[PDB]
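Reading the sequence shown from the start, the letters are residues 138 to 222 in the entry's author numbering.
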Amino acid sequence: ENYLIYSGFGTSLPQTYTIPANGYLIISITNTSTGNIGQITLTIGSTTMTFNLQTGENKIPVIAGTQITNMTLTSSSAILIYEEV
């Protein structure tokens with residue numbers, strides 16, 4: 138089951154998001170190129186994590202209540218964020 142978190146466009150996120158369950162966070166970044174495309178930052182409790190993003194699917198194990206606090210892309214893209222639970 139795939140829970141939609143965000144769908145949009147550009148190079149960053151308009152708000153922070155809460156991941157609702159344990160599972161895999163999927164960040165699908167699509168654009169007319171391939172390869173490295175930016176960064177995402179997640180926070181859970183007292184831990185902050187920073188991850189490299191590539192085009193296509195980026196999969197990150199996450200626990201319930203993890204926050205997506207920032208994403209920064211190097212070129213405008215379609216951005217789809219959902220969680221496999």
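For each residue, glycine too, the CB sits at the ideal point set by N, CA and C.
Residues sharing a beta bridge with residue i, DSSP
i       : result
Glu-220 : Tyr-140 and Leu-162
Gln-152 : Per DSSP, none; premise fails for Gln-152.
Separation of residue j from residue i, as counted between CA atoms
i       : j       : result
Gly-193 : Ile-216 : 10 Å
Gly-202 : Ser-213 : 28 Å
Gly-160 : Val-222 : 5 Å
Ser-144 : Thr-184 : 26 Å
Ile-177 : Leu-150 : 10 Å
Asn-195 : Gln-204 : 16 Å
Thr-148 : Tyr-140 : 22 Å
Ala-158 : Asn-168 : 28 Å
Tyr-154 : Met-186 : 15 Å
Residue i - DSSP class collapsed to helix/strand/coil
i       : result
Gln-176 : strand
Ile-200 : coil
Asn-189 : strand
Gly-147 : strand
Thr-169 : coil
Buried versus exposed call for residue i [16 or more other C-beta atoms within 10 Å across all chains shown]
i       : result
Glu-220 : buried
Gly-182 : exposed
Whole-number beta carbon distance between residue j and residue i, since they are thought to touch under 8 Å
i       : j       : result
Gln-191 : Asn-173 : 6 Å
Closer than 8 Å to chain B by CB, residue i
i       : result
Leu-217 : The structure shown contains no chain B, having only a single protein chain.
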